[PDB]
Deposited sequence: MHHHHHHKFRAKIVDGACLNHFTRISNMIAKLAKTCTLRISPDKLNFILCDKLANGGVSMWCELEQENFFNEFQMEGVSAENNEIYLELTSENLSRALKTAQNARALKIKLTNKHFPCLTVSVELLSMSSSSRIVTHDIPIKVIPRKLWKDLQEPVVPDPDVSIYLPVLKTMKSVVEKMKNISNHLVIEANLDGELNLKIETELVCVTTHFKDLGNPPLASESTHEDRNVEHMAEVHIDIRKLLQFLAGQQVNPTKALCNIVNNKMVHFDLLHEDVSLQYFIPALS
C-alpha cells in the first residue's frame, strides 16, 4: 500500500450540501480531477491541456479531519479520480446526517465516501490514482499574471442565460471590460451580431478606460457559469488582453480560480 492516510467527517448540513455542489460543478468542468490533501486544506485541481484551482479551508467544513503524507516535510497527498464518481457519491451525501471520507485499500486504493442516511449507510468506493511526488510540481497553483483590467462580475444568472442562448448562434465569444465598470459579451457572424452590455459593475482599486478583451471558446465560459448555481460573495473577472480571462471567485470561504485561455 502507500503509508499515507486520510480521514475526514462532515456533520454540518450546510457545508455538507455546499461540499456536494462543488463536486457537481467539477463534473461539468472536466471528467478527470486531481484532489490535494493537506493538514489545513483540501484542493480540487484541473490541469487542462483551461486550469481550475479550488481551495477549501478544512476547518470550515469538517468537524473531524486527519491526514499524513508519505514523508515528513512533504506532508501532502495527491490523488486522481473521475469527477462523475465523486459527484454521484456526494449526491447521496447532499442531505445526510453525516458524511465520512477515508482513504482505503481493500481491493485497490480508494477514496471511500460513507454517508449516514435517515440507520442507513451508503458506501461509495471511489477508485483513485496516487500521484508520485515527482509530478507534484505540475500540480501547483498557477501564478497570477497581472491583469490589464480587473472588474467585478454581474449576476452570474444573467451571464449564464445570455451566454447560453448565444451558444446557439456561435461558439466564439469576445469578452471585454473597462476600468470604468463596463463589461461586454460579444458574438459576431456573417448574418447576425449580438452584443450584451453590462454597466455600473465597478472596479477593484489598484490606464485609460479602453477595452481589454479576449476571444474565447464560449463553451468553456458556459461550463463555469452553469457550475455556479448561486451568486458568490466575491466575483472578480481579470482580463489579460488577447491572452487569458481569469475568474477569481470566493463563496463562503471557498476559493475558486478558473482560467480560460484565449482561442485564436
Problem - Ranges missing from the model, given as deposited sequence positions - result: 1 to 3, 53 to 57, 127 to 131, 220 to 228
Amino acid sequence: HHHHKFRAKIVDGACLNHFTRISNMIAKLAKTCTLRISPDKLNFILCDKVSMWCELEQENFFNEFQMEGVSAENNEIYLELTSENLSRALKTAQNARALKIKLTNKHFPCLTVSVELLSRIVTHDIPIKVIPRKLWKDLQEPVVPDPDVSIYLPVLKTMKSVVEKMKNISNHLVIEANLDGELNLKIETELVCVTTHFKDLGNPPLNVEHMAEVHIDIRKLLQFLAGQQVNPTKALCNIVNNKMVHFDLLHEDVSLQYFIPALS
From here on, numbers count along this sequence of modelled residues.
Handout entry: Entry-level comparison of average CA B-factors, 60 to 68 and 229 to 237, reporting the higher stretch
Key = 229 to 237
Exercise for the section: Using only the Cα atoms and their B-factors as the entry lists them, report which of 26 to 34 and 207 to 215 averages higher. Expected result: 207 to 215
Practice task
Name the residue from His124, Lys102, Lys186, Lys91 with the greatest C-alpha temperature factor listed in the entry.
Solution key: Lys91
Practice task
Can you pull the Cα B-factors for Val155, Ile131, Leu111, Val115 from the entry and say which is highest?
Solution key: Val155
Handout entry: Chain thirds of CA B-factor: placement of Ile260
Key = lowest
Completion exercise
The third of the chain into which the C-alpha temperature factor of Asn171 falls is the highest
Problem - Relative C-alpha B-factor of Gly181, binned into the chain's lowest, middle or highest third - result: lowest
Problem - Relative C-alpha B-factor of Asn242, binned into the chain's lowest, middle or highest third - result: lowest
Fill in the blank from the handout: Sorting the chain's modelled residues by C-alpha B-factor and splitting them into thirds places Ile151 in the lowest
